[PDB]
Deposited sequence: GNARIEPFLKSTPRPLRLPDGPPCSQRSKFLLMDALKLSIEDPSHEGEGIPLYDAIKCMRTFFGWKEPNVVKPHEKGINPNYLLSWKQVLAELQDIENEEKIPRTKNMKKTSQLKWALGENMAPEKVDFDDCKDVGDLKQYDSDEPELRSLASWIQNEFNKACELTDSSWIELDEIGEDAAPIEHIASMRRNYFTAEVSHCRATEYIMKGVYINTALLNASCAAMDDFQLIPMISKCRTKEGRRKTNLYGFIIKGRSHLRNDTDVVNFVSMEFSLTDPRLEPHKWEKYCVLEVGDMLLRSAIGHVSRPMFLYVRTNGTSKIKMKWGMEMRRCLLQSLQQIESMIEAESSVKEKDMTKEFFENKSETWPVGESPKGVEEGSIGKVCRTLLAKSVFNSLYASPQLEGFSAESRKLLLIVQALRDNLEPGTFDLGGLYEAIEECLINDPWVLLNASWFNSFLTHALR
């Protein structure tokens, strides 16, 4: 019996920041006065783009006050325009407590949609930039063994350029900046750039601006206290193609960007995805630990190599990673196995939820029972299917589980 997935309107994006739809304004090998101060980097990234235009709503938020989102973006541009006149650019920028920001900061079954599988496919892909250093992975006090080192070097070469690794580092930066601001500027509506850093194929260091968040008041006495925030994120994705994906956003058109393409230079609109959101201390601490996704999925790989080494009474690291008993790789390559394991780990983090917890545990129990039944030939379903409500990541993993059943 396959799991019964819920009927209803398509599910919508619920991640803390854009994934496949993000857009970056970037600067190469930066060397301005104050390189490495987020606000300074953001302004320089902002100053590389000249296609800004009078913004307007193109996909209104059905349940929100759309003029306040518009006003909120215009305030960001205006207050950055002010900073450009203050001869000493401040280290941080606290927004005026305008009515639009006071509103935005707080003073149902859903069916599976195709976009979540597309997000996952996108997370498995390679990018043309590296997002981590060679020795990023691991925490060991002592120097590591030769074998462990070999395994780490092989794995890193496969995932350093991976999109899921960008999501890790993007998530790590934004959660660190937000948690630090929640502490250092409790009463301020601080402007917090969304930044990442990477190294191009040619070795050039590069700094990336995805957009901005503004945080609300944050007197976070405990781990579950919530700080509100507004996110404002660049994108080339036209929201009118998949509006169900964007139920929680107000989307603006804010510029036009000139692009290289397969058909030569082309001009495409630049959008700004705006929503209100919230997070807590404990979620921000987990966001800061997303590099553990790299360690956890390496350990799944090492688990596999250690099994092959136990059978062949010999270390199989080179044989495993160079693909040289197994006669192929189901995902196509060892590299794609690494990136797929990583993407599952990262999405478990980006889409963490009680629904995911229940589905994970309960579907595992049903798995083993189905395996043992195969190899040798209700109730648990209620536990599994009770978790299938509206979360895109859970619904996709259920769709995946159902394929595992037909085969």
Review point. Could you list, start to end, the deposited-sequence stretches with no C-alpha atoms?
Key: 1-13, 121-146, 364-371, 425-431, 462-464
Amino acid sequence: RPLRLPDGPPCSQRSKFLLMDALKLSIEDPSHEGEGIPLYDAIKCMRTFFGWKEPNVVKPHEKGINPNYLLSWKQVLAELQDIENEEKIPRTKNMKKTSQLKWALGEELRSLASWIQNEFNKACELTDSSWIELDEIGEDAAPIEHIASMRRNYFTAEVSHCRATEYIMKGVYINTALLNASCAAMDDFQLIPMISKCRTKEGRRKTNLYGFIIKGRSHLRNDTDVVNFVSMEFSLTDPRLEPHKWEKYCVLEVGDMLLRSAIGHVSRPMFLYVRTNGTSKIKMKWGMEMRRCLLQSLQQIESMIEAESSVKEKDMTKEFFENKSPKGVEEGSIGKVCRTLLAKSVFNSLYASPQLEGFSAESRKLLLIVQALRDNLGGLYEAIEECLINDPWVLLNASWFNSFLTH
From here on, numbers count along this sequence of modelled residues.
Review point. Within the set of other compared PDB entries, does residue 33 lack a model in a third or more?
Key: yes
Review point. Of the two stretches 259-267 and 161-169, which shows the higher Cα B-factor on average in the entry?
Key: 259-267
Check your understanding: Quick one: higher average CA temperature factor, 172-180 or 131-139?
Key -> 131-139
Check your understanding: Based on what the PDB entry reports, which of 187, 242, 84, 233 has the top C-alpha B-factor?
Key -> 84
Review point. Between 340, 68, 348, 371, which one tops the list for C-alpha B-factor in the PDB entry?
Key: 371
Review point. Which third of the chain does residue 228 land in by C-alpha B-factor: lowest, middle or highest?
Key: lowest
Study note, to complete from the structure: Quick tally, chain-level thirds of C-alpha B-factors: residue 307 sits in the highest
Review point. Among the chain's modelled residues, which third holds the C-alpha B-factor of residue 91?
Key: highest
Review point. Residue 144's Cα B-factor: lowest, middle or highest third of the chain?
Key: highest
Practice item. Could you say whether, by C-alpha temperature factor, residue 356 belongs to the lowest, middle or highest third of its chain? Key: highest
